[PDB]
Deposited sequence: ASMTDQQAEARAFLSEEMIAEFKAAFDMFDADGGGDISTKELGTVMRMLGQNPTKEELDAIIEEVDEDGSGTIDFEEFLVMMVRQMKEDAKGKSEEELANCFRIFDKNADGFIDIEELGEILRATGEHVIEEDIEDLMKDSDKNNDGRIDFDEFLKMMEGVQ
């Protein structure tokens, strides 16, 4: 189900570009990625992840229950990857209305304890508002973050 949909999402032209990043993780070879091969690719950049930690990273990807990472698993993973900003976007609007208000952000900035000035906070919103509506929406939130 997921594969039959993520597959139609990217045609062979897109899949080709995705294959470039797939071959990097496939430093040892084979047509699929594994937990051991993952840690090897992480250290290639300079990161030192844990084996058991990386094993859990694949467990989440194994929705059906494969064990290792496959090429189509890598494609569906890219297919399911703005939710990140959507979560932060909602965290800013404590009222849950759809947009962030200046009054909502005011306390959020002061809540940190830092000594910020309202002249700086107010001017920041006036400069970030390209259309000048008063509140911040998910549209402007994209360039905002």
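Where C-alpha coordinates are absent, the deposited sequence of this PDB chain has the segments 1-4, 86-94, 159-162.
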